[PDB]
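Okay, here we've got a single chain as C-alpha cells, the form deposited in one PDB entry, with questions on binding and movement later.
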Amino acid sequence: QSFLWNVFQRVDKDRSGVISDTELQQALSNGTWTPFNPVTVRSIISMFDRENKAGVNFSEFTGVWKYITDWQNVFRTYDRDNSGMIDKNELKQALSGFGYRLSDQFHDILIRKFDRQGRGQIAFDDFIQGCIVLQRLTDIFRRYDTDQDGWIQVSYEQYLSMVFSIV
C-alpha cells in the first residue's frame, strides 16, 4: 500500500483526501501531449466514487489505479510501433481478446466515434472511453437478447427505457 499511498499523496494536490476530476486529469498522460480526455476522467471517477462526492478517496483510488494500469497494459500490448495510437487491426485484436464479436467494419465506426485526434486511429484516453461505452452498451444488449441469438425485439417504450439506462 506504501507505493499506492505515495502516488495518492502526489495526485491529491489539495491534500483533502479526495482526488477530483481535475486532479486525476492532471496526473494522467494520454501519450499524445494533449490533456487526458475529460469524459474518460469523468467516467472513471464516477465508477469508483461510492459516495457521490465528485472524487475518489484513497481506497477507491486503489481501484482507479488498478483500472488505469490494467488499461495501460492492454494498450501497450497492441500499440505495436509505440506510436501512441492503435489502428483498426490492433483495436480488432484488442477487443477480440476481451471476447467481443464484431465485424471488421464496426472497428472503423468505433474509431470515428471516439478518436478526438482526427487521425483514423485511437489514443489511450479515447480508447478507454470507447471501451467503457462498448461494455455498457453490450451489457444492455445482453439483457434484452433473451435467447442469445444476437438479435433483440423491443417495443417503442422498451427502447426508450433501454436508451435511458445507458446512461
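We call the rigid core the largest set of C-alpha positions that still match within 1.5 Å between the two forms. Quick note: we count residues from 1 along the sequence shown, nothing fancier.
S.K.: Which is higher in the entry, the mean Cα B factor of 122 to 130 or that of 65 to 73?
M.R.: Per the deposited B-factors, the answer is 65 to 73.
S.K.: For the higher mean C-alpha B factor in the entry, choose 46 to 54 or 137 to 145.
M.R.: Per the PDB entry, the higher value belongs to 46 to 54.
S.K.: Looking at the entry's B-factor column for C-alpha atoms only, identify whether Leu95 ranks in the lowest, middle or highest third of its chain.
M.R.: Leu95: CA B-factor falls in the highest third of its chain.
S.K.: Comparing against every modelled residue in the chain, figure out the third that the C-alpha B-factor of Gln105 lands in (lowest, middle or highest).
M.R.: As the PDB entry reports it, the C-alpha B-factor of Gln105 lands in the highest third of its chain.
S.K.: If you rank every modelled residue in this chain by C-alpha B factor, which third holds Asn82: lowest, middle or highest?
M.R.: Lowest third.
S.K.: Considering only modelled residues of the same chain, in which third does the CA B-factor of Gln26 rank: lowest, middle or highest?
M.R.: CA B-factor rank for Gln26: middle third.
Here the subject shifts to the form deposited in another entry, a form of this protein not shown in this document.
S.K.: If the two forms are fitted on the core, does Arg101 show a Cα displacement reaching 2 angstroms between the shown form and the other one?
M.R.: Yes: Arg101 shifts by at least 2 Å between the shown form and the other one.
S.K.: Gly97 and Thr138: do their C-alpha atoms lie closer or farther in that other deposited form than in the form you see, with a change of 3 Å or more?
M.R.: It is closer: in that other deposited form, the C-alpha atoms of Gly97 and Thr138 lie at least 3 Å nearer than they do here.
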